Amino acid sequence: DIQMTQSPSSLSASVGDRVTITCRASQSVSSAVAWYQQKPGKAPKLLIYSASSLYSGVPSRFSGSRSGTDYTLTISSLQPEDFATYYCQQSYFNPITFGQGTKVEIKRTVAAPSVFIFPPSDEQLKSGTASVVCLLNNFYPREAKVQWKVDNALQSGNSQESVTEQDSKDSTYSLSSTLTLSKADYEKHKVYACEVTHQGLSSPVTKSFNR
Amino acid sequence: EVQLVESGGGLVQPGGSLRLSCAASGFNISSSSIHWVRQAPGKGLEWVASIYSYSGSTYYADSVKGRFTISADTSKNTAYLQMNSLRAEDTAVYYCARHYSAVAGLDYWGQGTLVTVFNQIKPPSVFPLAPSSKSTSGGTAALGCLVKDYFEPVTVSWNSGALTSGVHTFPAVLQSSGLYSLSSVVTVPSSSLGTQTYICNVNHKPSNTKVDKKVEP
Amino acid sequence: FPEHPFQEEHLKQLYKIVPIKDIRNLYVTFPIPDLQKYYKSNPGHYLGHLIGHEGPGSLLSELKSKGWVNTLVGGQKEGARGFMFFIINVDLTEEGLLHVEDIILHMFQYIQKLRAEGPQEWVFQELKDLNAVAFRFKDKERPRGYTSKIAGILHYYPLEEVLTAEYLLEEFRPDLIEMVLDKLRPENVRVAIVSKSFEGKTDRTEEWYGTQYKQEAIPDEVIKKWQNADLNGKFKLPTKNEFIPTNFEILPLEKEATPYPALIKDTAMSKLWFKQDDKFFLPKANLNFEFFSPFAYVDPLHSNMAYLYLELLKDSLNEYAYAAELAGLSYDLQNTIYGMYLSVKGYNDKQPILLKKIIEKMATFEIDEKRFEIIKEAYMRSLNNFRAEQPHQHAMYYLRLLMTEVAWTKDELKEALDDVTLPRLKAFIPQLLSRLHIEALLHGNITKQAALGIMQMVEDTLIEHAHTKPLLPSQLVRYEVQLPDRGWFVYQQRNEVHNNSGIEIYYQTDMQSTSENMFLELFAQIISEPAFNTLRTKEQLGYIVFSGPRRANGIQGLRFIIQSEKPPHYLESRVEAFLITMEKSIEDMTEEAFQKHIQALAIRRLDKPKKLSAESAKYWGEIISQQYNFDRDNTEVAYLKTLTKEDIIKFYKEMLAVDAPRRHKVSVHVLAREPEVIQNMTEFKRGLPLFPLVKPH
């Protein structure tokens, strides 16, 4: 029915930061809105009930507020366990909308990726599959621009870039750019160049090899 | 205090049907009721269902309105949900989560069951990387297995579960064939490529398949 | 009782109760004090008004715009002496059972609406006018029981306050409204849920009778959801009514010394038969208007067009017409196989202007799409149900069936519903309204020239909107099957559902000539009481056995409402046997039973006017065959005196003998749920003459 827009959808903020999270109501909503935590891989939580009231066991470092219609949760201070996907609720006999997601990330020095590249194994070539794994690893933050230059020609669509989450080691990320082709395109396109343009590495590092 | 022991959420087919059984112990479902929450993996939140066992008032979302039947044995305070016409996009963690006596207070939760409306179950074709001299950019290198063409994401450890630090196991890419694909890289020295050939301890969850695959130059 | 006995164990408390009757209801109860002293505005019966009100922007207007719960009630019920009840009962459907607390919350939003509205002075003046006119013009009562009723008032009220009991609003009381608002609180609620299917589920037990129920309370999340959601969206209060009747100073009867409806005006469009009130001198004026159209018999599609058009049409302005329904001033819209019909009833004050609004809105009418579709599907399921109806009901359907020039069948009606689109009739309405006819009938304490101006105004508005051009007089043509006058015909149509078999033998005599009128009436009633003697009472074949006349198309007839699963020819022979029974029995009836029985038919005929409505119904029968013979009473009575015992034998042997040349014999068989024969209904109307038509008036 009446929808809810959890602004911001994602953020990056270190331990001890005062964070304002505003679930944007579509219509005039009364005090019928909660606030949620979900740690990833875990069952969620309620942060704030009644749009301002703290629930037992949740610390005082979370201060919700009835804010007009676009109600606002104000985290007073972040913690190392507060890096979790957040939500809210809209409680009526209307179809209950929720948060649209807000995961807290950290601010950090812009860590460079371990810009590597990796061919598929020879067994995988015998399976008729090329997975050229251009590895980026241990980079903060996720914002980059990884480009494939197949036979020194910029190609897109054949790239598969799975990204690990905020690291347990140093709160960075890893990226396995997989140039998904066939062996009929592996031995065809011998030149496999992985142009990496991070936000910090705005200079395009183009990790290349020859078969 | 307020115990949300969910069960019953198991195996189903697209177009299928189930019946939930959540042991909502420790409290009264004659009191403030539990409800049901959609969350597909990688997707946001949607309210599923609502039993009012004190009053029999069932509630559903508009696409699923009518085609379910919810009930709760409130003498036992035990919740149920006869799930019906379960389509494949509904593969989602369904939370038996208690709403307490607040204006919006849903504070108690179950861990939720991933009622999976999947299509395939497939053991993996795990393949390593190819560490060549071109891959050894200096002493800094890495090694990994591509766990390829399998249906749940695998759980990969290294060297009988020894090498865990620096292991950046990627999220699985559920490709167009209903099959996942993830990598698991780990920063190793270029001298260790061949010296300590780490073997990925792949464990496919639905088919219960263990594929120990060696990575070697 | 100096205390409220609803002692805190029952507030905000469910009671899911199994009834004995197959019934589904829900009570909400409020112990309110003995405010019998507070009869100045009588806030409990004011809530019976306001909570009973279902008007524009209303709660029930929204929930029937939501379609869940059809009706409801909420008002002051007397409980014990010291306090009283406030019972809020609703209709229950099966679909509202999942929506219960939301409906409760709808109730609460209307409570919060009228709480945010607070007091209303215009309701006090309006309902004070209502009470003053209603108790002013309450007509009469049965004596017995009424005396004990006002004697029940006589305890609570002295010897000058037993008529003026609650029947006058003295002074408006916003703060007693606020007091009962403090009574009307969510905290103050008993809940009595009624459902039969909870047998073996309910445990807490009533003392005397032994029925079982449950406590099973509501948790505080839904309690507080009732509390905090005191907001106001779609719901709106009504406004003052546009009309109140004030002309009750009756107007005396002038120079027009006729005691009948007189044709005072006839144009190419209008034709005004007109009467003033001489009998009872009542300030109501009842109105009658037919909407003839050639477009009546066009299609089964056009049948449902006109039908469903009038249906939704009368339903649509009913949203406007709740103030009039609340005024008790009624009306009618009804279709005809010739067209439509309009009635307007109630007091003669503001009927023209309100009527002009009705005319203008039905002329200038907007069309909703989906609301109509719900109505379309509803009458679709209705016609689906129509195949499962009673053989006597379907026998009366035969009475409308084989007795015309042409009709449409229900199967023809069945396929054509697929053919229905909304722009079809939406474009057909100006096709419709460019040419049709309205004949005018006016009766009441009403003047002549003012009524001329009112009718001229209304038809002028009609021509203003859609320009309804007149007809030809041959364009008012009329629809009956010629007989061979001796041959007996019948067909069978087996039932689908009901196992009983239907049968009847018909006899048209003629038009309503004074001859044939007393022939049919006297002959029908003279066989009626020996039938009550032997066939019904003695034989006891089935319960639905009845004999009667037919009066339609200005044409007489003879019916035998008989429904029972018998072998066909067997029951034919029994009816034939009763024909032989009356053949001898009439010859056996001497002069004494003859005279007493014609006196019975006389007192049947002899009855004084009682209202305008009954005489007007007989007037409407005078209208529809265009005969207007307002003094055939004495004429047919004096003709009745002319009938002798031999004279009726003359009526027998020419027409009613087994070899009579005017043996108007025909039947229709209906079988169970499982001469010569009739080949086709096309053969039924293929080779025929037809009839002379009746001279009109």
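Residues numbered from 1 in each chain as written, not as in the entry; some residues may be left out. Chains lettered and ligands numbered in written order. Part of a larger assembly, values for the part shown. Heavy atoms only, no water. Residues with missing side-chain atoms left out of burial classes, pairs and counts.

What the deposited record gives as its method is cryo-EM, and the resolution it gives is 6.5 Å.

Visitor: Can you tell me about the interface of chain A and chain B, naming the residues and giving the values?
Guide: Tallying the contact residues gives 49 residues for chain A and 42 residues for chain B. Roughly 3800 Å² is buried in total at the junction of chain A and chain B, and carbon and sulfur atoms are behind 64% of that figure. It is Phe98, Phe116 and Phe118 of chain A that lose the most area in chain A upon contact with chain B, and together they represent 14% of the buried surface on that side. There are zero salt bridges connecting chain A and chain B. There are 11 residue pairs in polar contact connecting chain A and chain B. Contributions of two or more residues to the side of chain A that touches chain B are made by β4 (35-38), β5 (44-49), α1 (122-126), β11 (130-139), β14 (159-163) and β15 (173-181) of chain A. (Contact = heavy atoms within 4.5 Å. Buried area = accessible area lost by both parts, 1.4 Å probe. Salt bridge = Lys/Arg side-chain N within 4 Å of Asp/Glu carboxyl O. Polar contact = N/O pair within 3.5 Å; in protein donor to acceptor, adjacent residues only side chain to side chain. Helix = DSSP H or I, 4+ residues; strand = E, 2+ residues; numbered from the N terminus.)

Visitor: Which residues make up the sheet that holds β11 of chain A, and what values do they have?
Guide: Strand pairs in the sheet, formed through backbone hydrogen bonds, run parallel or antiparallel to each other. Residue and element names in this part refer to chain A. Overall, antiparallel pairing links the three strands, which are arranged β11-β15-β14 in an open sheet. Pairing within the sheet leaves two strands with one partner each, and these edge strands are β11 and β14. Between one strand and the next, the sheet's axes are offset by a mean angle of 20 degrees, whatever the strand orientation. By the bridge criterion, five bridges tie β14 to β15 in an arrangement that is antiparallel. Its bridge partner lying in β15, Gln160 is registered against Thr178. (Pairing = 2+ DSSP bridges. Axes fitted to C-alpha atoms, helices over the stretch in contact; angles between N-to-C directions.)

Visitor: Residues and numbers for the packing of aromatic side chains, please.
Guide: Enumeration over the complete set of coordinates arrives at 45 aromatic pairs over all chains. Taking the centre distance of 5.5 Å and the plane angle of 70 degrees together, the rings of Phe6 of chain C and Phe83 of chain C count as edge-to-face. Of this pair, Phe6 of chain C sits in the segment before β1 (16-17) while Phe83 of chain C sits in strand β5 (residues 83-91), placing them 77 residues apart in sequence. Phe83 of chain C carries the same exposure label as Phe6 of chain C, and that label is buried. On the numbers, 6.1 Å between centres and 70 degrees between planes, the contact of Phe30 of chain C with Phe86 of chain C is edge-to-face. On the criterion of sequence distance, the pair formed by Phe30 of chain C in the loop between β2 (25-29) and β3 (32-33) and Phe86 of chain C in strand β5 is long-range, its members being 56 residues apart. Accessibility expressed as a relative area gives 5% for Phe30 of chain C, which makes it buried. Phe86 of chain C sits in the buried class, given a relative accessible area of 4%. The structure contains a cluster of three or more aromatic residues connected by ring pairs, namely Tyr260, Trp273, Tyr619, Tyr628 and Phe630 of chain C. The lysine or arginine in question, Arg19 of chain B, covers the ring of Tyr80 of chain B, its NZ or CZ lying 3.9 Å from the ring centre. (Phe/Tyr/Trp six-rings, centres within 6.5 Å; stacked < 30°, edge-to-face > 60°. Buried < 20%, exposed > 50% of the residue type's maximum accessible area, 1.4 Å probe, protein only. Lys NZ or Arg CZ within 6 Å of the ring centre and 35° of its normal.)

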